[PDB]
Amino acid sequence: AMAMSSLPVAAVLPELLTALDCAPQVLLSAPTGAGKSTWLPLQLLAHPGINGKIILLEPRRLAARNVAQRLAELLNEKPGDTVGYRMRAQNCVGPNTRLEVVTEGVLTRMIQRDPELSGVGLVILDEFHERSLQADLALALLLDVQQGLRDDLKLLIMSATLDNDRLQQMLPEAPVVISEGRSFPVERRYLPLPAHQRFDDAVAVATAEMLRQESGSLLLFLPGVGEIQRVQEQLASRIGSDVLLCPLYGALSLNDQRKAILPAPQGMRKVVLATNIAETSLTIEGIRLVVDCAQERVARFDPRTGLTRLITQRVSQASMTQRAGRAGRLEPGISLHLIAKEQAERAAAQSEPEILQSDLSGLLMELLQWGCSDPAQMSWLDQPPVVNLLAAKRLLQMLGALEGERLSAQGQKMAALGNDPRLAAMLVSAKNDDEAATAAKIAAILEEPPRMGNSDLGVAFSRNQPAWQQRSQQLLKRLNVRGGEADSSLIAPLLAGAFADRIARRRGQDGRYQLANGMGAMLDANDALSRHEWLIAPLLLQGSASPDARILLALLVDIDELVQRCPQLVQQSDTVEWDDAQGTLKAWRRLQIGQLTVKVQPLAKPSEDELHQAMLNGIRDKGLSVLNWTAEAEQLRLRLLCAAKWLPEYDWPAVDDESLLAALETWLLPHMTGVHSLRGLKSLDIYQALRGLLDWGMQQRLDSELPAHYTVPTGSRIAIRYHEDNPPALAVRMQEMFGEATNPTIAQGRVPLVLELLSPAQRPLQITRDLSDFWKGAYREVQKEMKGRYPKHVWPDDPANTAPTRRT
């Protein structure tokens, strides 16, 4: 045929224009090779309904210039001209363009600088199904721009997956526009891999068996390049002469990418070994068999280490289904999933969005600069996790970016750079232009690390790699600094500020380090740097959930210089306590950098504010048990626990062991005047100190609603026995409860007392919290025995109404 086929996106275009000129957001769904990226933009550009410029966000650099260059050929122009692109370290735009194809956070920069996006009428978020943090952040900003003046700014969200329905739950007013092609049925099979076989052998065996039983070319999904290589080797010995093996990763041989995408040559079949880029973004042709290992490799932020790691995990049902459908574009196909069916049925329904698994220090920095005081104010498909926002806040504090709940003066400069916050912090902390140039080079290195196996950051620094140089110049421009001379002697204090938690000290054996944040860091025992005791390790590869990581890039520091240069790194902590194990007084001063003990020394004659503080730390060592816990103090503590359960509408203080240990400075220290010895620790009035946690009102409330004593009908004051878990109990002679028809209660009438009803001899007759039932029930059997063992007492037939003998 000579006249090309009108792409399927053409057939859906009129529906799109109608929705485009009707709603503030339009959602478009269409297969990836349908031309939604490489065609549709121009026709929205030529459409008079759209006013001005159109921005097209792409998830990665490689995608972005494919779209811009390919779409330029349609207008018979080269790019930069009418169709342009922007990247993190390159710009291609004239006085000319109307369609810009951006990536690598560029869209975020544009909106930050021009929050009304002047001249722009339509923004397109492509490959939205990948749920990048970048595209989520773009979506949130753009929805806020649209609630300002810009109620004319239209928005096209393009997804390659059929339905995306947590998106209309966010946007019910949004027209869904669906382009779909022929999708053939795919039979789904399951096969767990045996525990006694390697992954690569097991996958190769399963795959060779599929080739043996079934006809066609085969697409094999694997977690990454390494697995692709290893399975390929194992496959090579188990396949026939007609089977052509075709790996598929970005780092490949240009034509090897084509050999994998294009149909197998005549007479032969192909096995395409790919990562999940083949799942939605890439169209591999000639495929009717899929083998799905069902295992992804994803970035995971660890709030306890502040590190991001690559973990491997089970793929979701939605992506297993998307993977299976890759066997159904040509003809009816077959998909084999390398897990048991029941495990597939229990996999998460949907994939986890990047915003839930990543470092949010950059995002938080963006929202603050955007003017957002709390991330919840924005509209997210998925709200940022509280735990990671807190970790982000803490990091920004460490970097000095925050002033209360807003950006500090330095924080605003960091936000202007647009950089990773730790790296931005480093740049902004430079005190002169030589420190600036040093910081810029370090930053360009940490953004694009060397790809040899060299751990010394001073080595990379001394290299004059041209791409690093380019990035440095760009960062200095943003920083508004020029003409300084970089110097390696200026590196350590710059690093110290932005990576203080990653200062590393050698621990007992060469190669074993502990970081200031307390975690373990490993370097090869035969590494030049592992000859030294103190390092700063900005780049770390965490093995997995275990707080242990490999050191990838590090700098050697003389710790004495560093602490002298940066005194704020070192905090002081005194401890006084009694060692029962050896019957001696322990009293030391510890200088520490984070969790790293730098020096321990005998405590010199301390001030008294110092001594009291040192004793608090000793209590943290030995536990609250060293204080004097009277029955009364403990009962108070228990009453506070019970109040929080039974009277939760009030703000009762936490009084669990850890809250108390954590707050010693607030509740215990004020009372430590005149305590000059460990002996005096037992003299502190623990009851009064705990009671001090309550204002006058709450003290009255607690004394009234959870009273220490209950007054019974005789006028006697009987102690209530509180307990962390059991109902409050009241041990009382039965005779004293005469005249009371209703079981006693405390806590605003919410909690009946468990009555331990006793005989004259203080012997338990009945345990009840339904006193009314007791009088009518078991009492008549108790009355006869009380008429037998104590005939000298009156045991009335109607105790509920018998006048109480007034004691008082």
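The first residue of the sequence shown is number 1, and the count goes up from there.
- As the entry records it, the average C-alpha temperature factor is higher for 140-148, out of 433-441 and 140-148.
- Two stretches are in play, 543-551 and 685-693, and the higher mean C-alpha B-factor belongs to 543-551.
- In this structure the maximum Cα B-factor among 258, 477, 196, 612 is found at 258.
- Residues shown: 768, 51, 742, 759. Highest C-alpha temperature factor in the entry: 51.
- Residue 159: CA B factor in the middle third of modelled residues in this chain (values from the PDB entry).
- Remark: residue 94 belongs to the highest third of its chain, ranked by C-alpha B-factor as recorded.
- Ranked by C-alpha B-factor against the other modelled residues of its chain, residue 407 falls in the middle third.
- In the deposited entry, the Cα temperature factor of residue 177 sits in the top third of values across the chain's modelled residues.
- In this PDB entry, the Cα temperature factor of residue 102 sits in the top third of its chain's modelled residues, the highest group.
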